[PDB]
């Protein structure tokens, strides 16, 4: 109901996150910075991961535009490139850190799976489902696996390999996920 209160709590959580890192954030510290009580915070968020996640999503331009180019390929290309561009952004670099912490904190992982990753994957599903009903995609396509083929390499590059995640790489990745490695 109170948008100013919600804003203060969310700004405080993100400020603390950037200043000190995830592990050091506590609900008490957020309450202190936001000048609200813990009970108020617990009106809207049960735990520190939930509030920090909403703080991040509030502060960053994480919501991707929805292409409708009439082409599954060119739709996914724009989607994946816009995702990759977010991830390399200063704001997007928080994702590394959160996923890193999430290897040790399943509460945080639950939060990013439902609040960050699910909505973006949903968008990708919507573009693929256009392609299916357009009759341009595989017979009995496994949508979720197909999204794994595009997203997987993206996040693998971001988290593991440390290689350059640029438009040209993402272009090649999308095409090759569409063509497959088998000779045609």
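Residue numbers count along the first chain shown, from 1.
- Averaged over CA atoms, B-factors in the entry run higher in 132 to 140 than in the other of 44 to 52 and 132 to 140.
- In this crystal structure, the stretch out of 148 to 156 and 61 to 69 whose C-alpha atoms carry the higher mean B factor is 61 to 69.
- Sort the chain's modelled residues by C-alpha temperature factor and residue 22 lands in the highest third, per the entry.
- Ranked by C-alpha B-factor against the other modelled residues of its chain, residue 74 falls in the middle third.
- Sorting the modelled residues of the chain by their CA temperature factor places residue 172 in the middle third.
- Sort the modelled residues of the chain by CA B factor and residue 105 lands in the middle third.
- Residue 94 sits in the highest third of its chain by CA B factor, as recorded in the PDB entry.
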